[PDB]
Each structure stands twice: as structure tokens, then as C-alpha cells.
There are 12 protein chains.
Amino acid sequence: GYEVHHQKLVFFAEXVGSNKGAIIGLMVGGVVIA
Amino acid sequence: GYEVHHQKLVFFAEXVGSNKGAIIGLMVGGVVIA
Amino acid sequence: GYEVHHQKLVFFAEXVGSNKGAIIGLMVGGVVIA
Amino acid sequence: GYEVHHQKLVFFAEXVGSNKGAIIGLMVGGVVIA
Amino acid sequence: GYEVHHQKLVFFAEXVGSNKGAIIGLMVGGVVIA
Amino acid sequence: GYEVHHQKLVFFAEXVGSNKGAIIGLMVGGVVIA
Amino acid sequence: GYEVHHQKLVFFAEXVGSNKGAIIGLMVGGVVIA
Amino acid sequence: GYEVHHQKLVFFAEXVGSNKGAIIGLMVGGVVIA
Amino acid sequence: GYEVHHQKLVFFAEXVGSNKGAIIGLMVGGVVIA
Amino acid sequence: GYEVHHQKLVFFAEXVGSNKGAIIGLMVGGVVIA
Amino acid sequence: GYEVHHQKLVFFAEXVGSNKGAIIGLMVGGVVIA
Amino acid sequence: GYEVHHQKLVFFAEXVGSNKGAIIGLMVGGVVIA
């Protein structure tokens, strides 16, 4: 049960080279990294 | 059960080279990276 | 049970090289890193 | 049971190289790192 | 039972290299690091 | 039962290299490090 | 002589009623209000 | 002579009623209010 | 002669009623209020 | 001669009623209030 | 001659009513109040 | 000649009513109040 609302998000990313993971501004749920 | 609403998101990305992962402004659910 | 609302988030990222983990501005749920 | 609301968060990140963990501006839930 | 609200948080991070743990501006819940 | 509200937190971090633990500006709940 | 460049501006306005002045996200020049 | 560049500005405004002045996110030049 | 660059500014405004002056996130130049 | 650069400014304003002066997050130059 | 750089400023303002002066987070130059 | 750099300033203001002077977190230059 998730109730996510009324979000004002600003994401600044600069110089993102060779990214292999997760870069999410707003994430609802689950993140699995192996 | 997901209830995501009323989101004001701004995503800035600059210099994204050789990306191999996930770059999501707003993600609802699940992210699996291996 | 999650009730997340009315968030004003600003995320500054600079010089993110060779990222292999999770970089989330706002995360609701679970993060598993192995 | 989580009730998180009315948050004004500013996150500054500079020189994030070879990140393998979790860098979250605002995290609600659980973080497992192995 | 968590009731977290009305937070004004500013996080400054500079020179974060080879991070393998958790760096969270505001964390609600549980953090397990092994 | 947690009731955390009306917090004005400023976190300064400089020269964080090879972090393997938890660095949280404001933590509500439990932290387990092994 | 004005040289304004490379600006990343995000403006949030909410509940702007009966405005009689100037509300500008980014202004270059002069503002005269009488 | 003005040289303004490389600005990352985020402006939050909430409950702006009966405004008669100037509300500018980023202003370059002159502001005269009488 | 003005040389203003590389600014990361976040402005929070809440409950701004009957404003008659100047509310600027970042101002370069001159402000005259009479 | 002004040389202002590399500023990380966060401004919190709450309950600003009947403002007649100047409220600037970052001001470069001159402020005259009469 | 002004050389102002590398500033990390956080400004908290709460309950600012009937302001007639200058409230600046970071001011470079001159302030004249009469 | 001014050389001001590498400042980490936090300013807390609470209950600022009927301000007619100057309230500056960090001021470089001159302040004249009459």
C-alpha cells in the first residue's frame, strides 16, 4: 500500500558518465541492485 | 497497490555518456539491475 | 502502509562518474543493494 | 505504518565518484546494503 | 507507527568517493548494513 | 510510536571517502550495522 | 551591457490571487513599479 | 556591465495573495519600487 | 562591472500576503525602494 | 568590480506578511531603502 | 574590488511580518537604509 | 580589496516583526543606517 502525492521535486544531474546503477528523481516501490 | 498523483517533477541531466543503467525522472513500480 | 505527501525536494548532483549504486532524490519503499 | 509529510529538503552532492551504495535525498521505508 | 512531518533539512556533501554505505538526507524506517 | 516534527536541520559533510557505514542527516527508526 | 547565459531556473507559484505586481521567473533589464 | 552565467535556481512560492511588488526568481539589472 | 557565476540557489517562500516590496531569489545590480 | 561565484545558498522564508522592504536570497550590488 | 566565492549559506526566516528593511541571505556591495 | 571565500554560514531567525534595519546572513562591503 503506497499513497504518494503532492510532491514538488527538482533534480539536478551534471557529469553523469558511465552510469551502471539507478538514478531516479522520484522512486515509488522497490530497487534491487546486484 | 500504488496511488501516486499530483507530482510536479523537473529533471536536469547534462553530460550523460555511456549510460548502461536506468535514469528515470519518476519511477513507479520496481527496478532490477544486474 | 505508506502515506508520503507534500514534499518540496531539491537534489543537486555534480560529477557523478561510474555510478553503480542507487541515487534517488526521493525514495518510498525498499532499497536492496548487494 | 508511515506518515511522512510537509518536508522541505535540499540535497547538495559534489564529486560523487564510483558510488556503489545508496545516496537518497529522502528515504521512507527500508535500506538493506550487503 | 511513524509520524514525521514539518522538516526543513539541508544536506551538504562534498568529495564523496567510493561510497559503499548509505548516505541519506532524511531516513524514516530502518537501515541494515552488513 | 514515533512523533517527530518541526525540525530545522543543516548537515555539512566534506571529504567523505570510502564510506561503508550510514551517514544520515536525520534518522527516525532503527540503524543496524554489522 | 547585459550578458546572461546558461541558467537553469525552476519557478513554483501556488495560490497567486489578485496579483497586481510583477512575478517573473527570470528578469533581465529594469522593473519599475509605482 | 553585467556577466551573469551558470546559475541553478529553484524558487518556491506558496500563498502569494494580493501581491503589489516584485517577486523575481532571478533579477539582473535594476528594481525601482515606489 | 559584475561577474556573477556558478550559483546554486534554492528559495523557499510560504505565506507571502500583501507584498509591496521586492522578493528576489538572486539579484544582481541595484534595488531602490521608496 | 564584483567577482561573486561558487555559492550554494538555501533561503527559508515563512509567514512573510505585508512586506515593504527587500528580501533577497543573494544580492550583488547596492540596496537603497528610504 | 570584491572577490567573494565558495560560500555555503543557509538562511532560516520565520514569522517575518511588516518588514520594511533589508533581509538578505548574502549581500555583496553596499546597503543604505534611511 | 576584499577576498572572502570558503564560508559555511547558517542563520536562524525567528519572530522578526516590524523590521526596519538590515538583517544579513553574510555581508561584504559597507552598511550605512541612518
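Values below: all heavy atoms of this structure, side chains included; hydrogens, waters and symmetry mates excluded. Order of the sequence lines sets the chain letters (A, B, ...), proteins ahead of strands, with each chain counted from 1.
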- Message: For the interface with chain B, which of A:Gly30, A:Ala34, A:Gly29 has the highest count of heavy-atom pairs at distances below 4.5 Å?
- Response: A:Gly30
- Item | Most chain B-contacting option - heavy-atom pairs closer than 4.5 Å, from A:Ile23, A:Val10, A:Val31 | A:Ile23
- Hey, does A:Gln7 have a side-chain heavy atom less than 4.5 Å from the side chain of B:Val4? no
- Query: Parallel, tilted or perpendicular: which fits the ring planes of B:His5 and A:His6, with parallel below 30° and perpendicular above 60°?
  - Reply: perpendicular
- Separation between CG (B:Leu26) and CG (A:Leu9), nearest 0.5 Å, reads 8.0 Å
